[PDB]
């Protein structure tokens, strides 16, 4: 309530959260602060015209923030903790959402400033911007049960939220993390298809979106099972069972696994890459 928030990073995810946060009417635009290394017109400017405090000093951020968000590239993270760790007061919580980066790696490096640093690993996705972002997190060792709450509450406002035992976050990323992208991609395709049948762009694209959003809800709001809802919509006639057959023909599913995997495996590597060099 008297809580302030900051993003040492910036970019999309920052702006994204920034956005869904003020959106959630949970925080005040100006009650937010993020450091602008260089400033990426789009992102930064956006936030600026958004009403959030943007400073080139990812230090003032550190002070202004009752809760800290690490919104930088994974490889950047290091060059930060040891540039701000000296400013880590016992008040704020450090929420790192940089993918791949481990809690350990941070605690056990940020301890070299504060005896017991309070930190939690985070994982979300741009859709948070509206409020559908899918989030999951893990509590550090210096995790006092009142933070896992604030967190779970804070994020669970701009989306879905749930505790997760860190050793999952990597899989989780190649899913809820990247997933959106897969969608934006599938849609762009569908749209093309609708057009390849006459439908206009602005019309088709949008019909596809509305169909995805719809399928989403149904599956969530029921147990059923995807395969269930599958049969439940393909009349022995066709047009659908037929469209399926085609997708089915070209390993459509296979391609989705492949991507979850790719994304995951990649994340494994990114982190298991800065453990040394």
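Residue numbers count along the first chain shown, from 1.
Higher mean CA temperature factor between 50-58 and 225-233: 50-58, per the PDB entry.
Higher mean CA temperature factor, per the PDB entry, when comparing 234-242 with 39-47: 39-47. When the C-alpha B factors of 203, 186, 195, 138 are read from the deposited coordinates, the top value falls at 138. Within the listed group 180, 78, 174, 117, the record reports its top CA B-factor for 117.
When the modelled residues of the chain are ordered by C-alpha B-factor, residue 67 sits in the highest third. Ranked by Cα temperature factor within the chain, residue 100 sits in the middle third according to the deposited record. Ranked by C-alpha B-factor against the other modelled residues of its chain, residue 191 falls in the lowest third. In the PDB entry, a CA B factor belonging to the lowest third of its chain's modelled residues is recorded for residue 168. Residue-level temperature factors show residue 122 in the middle third of its chain, judged at the C-alpha atom.
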